[PDB]
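Have a look at the structure below before the remarks.
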Amino acid sequence: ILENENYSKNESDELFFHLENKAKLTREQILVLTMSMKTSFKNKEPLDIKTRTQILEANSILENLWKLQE
Amino acid sequence: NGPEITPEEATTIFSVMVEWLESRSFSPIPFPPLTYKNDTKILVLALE
Amino acid sequence: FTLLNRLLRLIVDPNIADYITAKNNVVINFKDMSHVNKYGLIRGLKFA
Amino acid sequence: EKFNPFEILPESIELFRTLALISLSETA
């Protein structure tokens, strides 16, 4: 969700709703993502294609392994 | 009902402090060191 | 508190912020009655 | 039972091979 270029425009409340709906969270976790998003997270440079490919490949096999364990 | 702040309001609140402390060029308070000058002078004032 | 631990990590190293945040839960007892303090602040604390 | 233990055989050596990964081949 956080690397998606579509939400990255700005001033989109979509973020909080795809957090709550997509990757299950509770409000106390959304607030932490907001304030830590401000302190640490940095939108100045988007990631290189290399790390995006690697990341997607990892999310794939982690999601799939979790599905198998379930 | 859980917390009443909600993320969109916590955002507006947190940016204000972030910008205030960055504009003030404020260094965060560290953790008191094992070797510290004023430890004694802080204990006294505390304990009394 | 979920807002306090952040606003404090701005101003202070996290170990003191966590102490200050967890120190306010405690449990509150008056004779028979007991409740854990989730929400409000306890201003009977020296750092309050 | 034999086809299933065969799939199991490739699965254990596959996973133990995956624990050695410290990647496109092992990815696919």
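In the structure tokens, chains take letters A, B, ... by order of appearance, with residues numbered from 1 within each chain and ligands from 1 in the order shown.
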
Can you tell me which residues surround region 65-70 of chain A at a distance of at most 12 Å, considering only C-alpha atoms, apart from same-chain residues fewer than 6 positions away, and format the answer as an mmCIF file with N, CA, C and O atoms, in the first residue's frame?
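Once everything was written out, this is selection36.cif:
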```cif
data_model
loop_
_atom_site.group_PDB
_atom_site.id
_atom_site.type_symbol
_atom_site.label_atom_id
_atom_site.label_comp_id
_atom_site.auth_asym_id
_atom_site.auth_seq_id
_atom_site.Cartn_x
_atom_site.Cartn_y
_atom_site.Cartn_z
ATOM 1 N N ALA A 58 9.248 -10.458 -2.924
ATOM 2 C CA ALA A 58 9.198 -10.930 -1.545
ATOM 3 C C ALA A 58 7.767 -10.969 -1.018
ATOM 4 O O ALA A 58 7.353 -11.965 -0.417
ATOM 5 N N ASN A 59 6.998 -9.895 -1.228
ATOM 6 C CA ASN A 59 5.598 -9.891 -0.810
ATOM 7 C C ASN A 59 4.842 -11.065 -1.413
ATOM 8 O O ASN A 59 3.962 -11.649 -0.766
ATOM 9 N N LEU D 15 12.389 -26.394 0.525
ATOM 10 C CA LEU D 15 12.375 -25.416 1.610
ATOM 11 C C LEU D 15 13.729 -25.336 2.305
ATOM 12 O O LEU D 15 14.208 -24.240 2.621
#
```

Report the residues of chain A whose backbone DSSP state falls under helix (DSSP H, G or I), written as a ChimeraX atom specification.
/A:14-21,27-39,49-69

Just the selected residues (C-alpha atoms), exported as a PDB file, in the first residue's frame, please.
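Generated file (selection-v3.pdb):
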```
ATOM      1  CA  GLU A  14      -7.724   6.608   0.604  1.00  0.00           C
ATOM      2  CA  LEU A  15      -4.582   5.608   2.521  1.00  0.00           C
ATOM      3  CA  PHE A  16      -6.327   5.148   5.860  1.00  0.00           C
ATOM      4  CA  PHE A  17      -9.195   3.216   4.281  1.00  0.00           C
ATOM      5  CA  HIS A  18      -6.963   0.820   2.354  1.00  0.00           C
ATOM      6  CA  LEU A  19      -4.961   0.355   5.534  1.00  0.00           C
ATOM      7  CA  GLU A  20      -8.089  -0.519   7.521  1.00  0.00           C
ATOM      8  CA  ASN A  21      -9.792  -2.513   4.752  1.00  0.00           C
ATOM      9  CA  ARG A  27      -7.066   2.704  14.809  1.00  0.00           C
ATOM     10  CA  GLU A  28      -4.260   2.670  17.370  1.00  0.00           C
ATOM     11  CA  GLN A  29      -2.064   1.280  14.594  1.00  0.00           C
ATOM     12  CA  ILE A  30      -3.219   3.807  11.988  1.00  0.00           C
ATOM     13  CA  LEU A  31      -2.256   6.709  14.264  1.00  0.00           C
ATOM     14  CA  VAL A  32       1.257   5.300  14.672  1.00  0.00           C
ATOM     15  CA  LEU A  33       1.579   4.988  10.893  1.00  0.00           C
ATOM     16  CA  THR A  34       0.546   8.629  10.551  1.00  0.00           C
ATOM     17  CA  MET A  35       2.904  10.149  13.113  1.00  0.00           C
ATOM     18  CA  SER A  36       5.817   7.831  12.373  1.00  0.00           C
ATOM     19  CA  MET A  37       5.089   8.380   8.685  1.00  0.00           C
ATOM     20  CA  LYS A  38       5.754  12.058   9.375  1.00  0.00           C
ATOM     21  CA  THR A  39       8.875  11.630  11.515  1.00  0.00           C
ATOM     22  CA  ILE A  49      12.945  -0.225 -10.102  1.00  0.00           C
ATOM     23  CA  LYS A  50      15.357  -2.803  -8.665  1.00  0.00           C
ATOM     24  CA  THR A  51      14.120  -2.558  -5.080  1.00  0.00           C
ATOM     25  CA  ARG A  52      10.527  -2.426  -6.321  1.00  0.00           C
ATOM     26  CA  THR A  53      10.968  -5.700  -8.207  1.00  0.00           C
ATOM     27  CA  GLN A  54      12.696  -7.286  -5.213  1.00  0.00           C
ATOM     28  CA  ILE A  55       9.995  -6.021  -2.839  1.00  0.00           C
ATOM     29  CA  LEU A  56       7.140  -7.308  -4.992  1.00  0.00           C
ATOM     30  CA  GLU A  57       8.865 -10.678  -5.326  1.00  0.00           C
ATOM     31  CA  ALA A  58       9.198 -10.930  -1.545  1.00  0.00           C
ATOM     32  CA  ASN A  59       5.598  -9.891  -0.810  1.00  0.00           C
ATOM     33  CA  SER A  60       4.520 -12.562  -3.289  1.00  0.00           C
ATOM     34  CA  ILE A  61       6.277 -15.479  -1.605  1.00  0.00           C
ATOM     35  CA  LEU A  62       5.535 -14.266   1.919  1.00  0.00           C
ATOM     36  CA  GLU A  63       1.829 -13.904   1.190  1.00  0.00           C
ATOM     37  CA  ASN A  64       1.902 -17.321  -0.479  1.00  0.00           C
ATOM     38  CA  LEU A  65       3.758 -19.034   2.380  1.00  0.00           C
ATOM     39  CA  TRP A  66       1.314 -17.514   4.856  1.00  0.00           C
ATOM     40  CA  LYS A  67      -1.529 -18.909   2.756  1.00  0.00           C
ATOM     41  CA  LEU A  68       0.077 -22.360   2.849  1.00  0.00           C
ATOM     42  CA  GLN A  69       0.601 -22.276   6.620  1.00  0.00           C
TER      43      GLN A  69
END
```

Please, which residues of chain C lie no more than 6 Å from chain B when the count uses only C-alpha atoms, and can they be set out as a ChimeraX atom specification?
/C:11-13

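Between CA of residue 12 (chain A) and CA of residue 6 (chain B) there is a distance of 15.0 Å.
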
May I have the residues within 12 Å of residue 25 (chain D) as a PDB file with N, CA, C and O atoms, in the first residue's frame, using only C-alpha atoms and disregarding those fewer than 5 positions away in the same chain?
```
ATOM      1  N   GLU A  57       8.576  -9.250  -5.333  1.00  0.00           N
ATOM      2  CA  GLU A  57       8.865 -10.678  -5.326  1.00  0.00           C
ATOM      3  C   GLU A  57       8.812 -11.242  -3.913  1.00  0.00           C
ATOM      4  O   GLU A  57       8.366 -12.376  -3.705  1.00  0.00           O
TER       5      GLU A  57
ATOM      6  N   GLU D  14      13.220 -28.543  -1.149  1.00  0.00           N
ATOM      7  CA  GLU D  14      13.034 -27.202  -1.688  1.00  0.00           C
ATOM      8  C   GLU D  14      13.099 -26.158  -0.582  1.00  0.00           C
ATOM      9  O   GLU D  14      13.791 -25.143  -0.715  1.00  0.00           O
ATOM     10  N   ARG D  17      16.507 -25.938   0.907  1.00  0.00           N
ATOM     11  CA  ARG D  17      17.318 -25.171  -0.027  1.00  0.00           C
ATOM     12  C   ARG D  17      17.015 -23.683   0.079  1.00  0.00           C
ATOM     13  O   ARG D  17      17.924 -22.857  -0.058  1.00  0.00           O
ATOM     14  N   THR D  18      15.756 -23.324   0.337  1.00  0.00           N
ATOM     15  CA  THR D  18      15.381 -21.921   0.453  1.00  0.00           C
ATOM     16  C   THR D  18      15.949 -21.282   1.712  1.00  0.00           C
ATOM     17  O   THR D  18      16.204 -20.073   1.727  1.00  0.00           O
TER      18      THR D  18
END
```
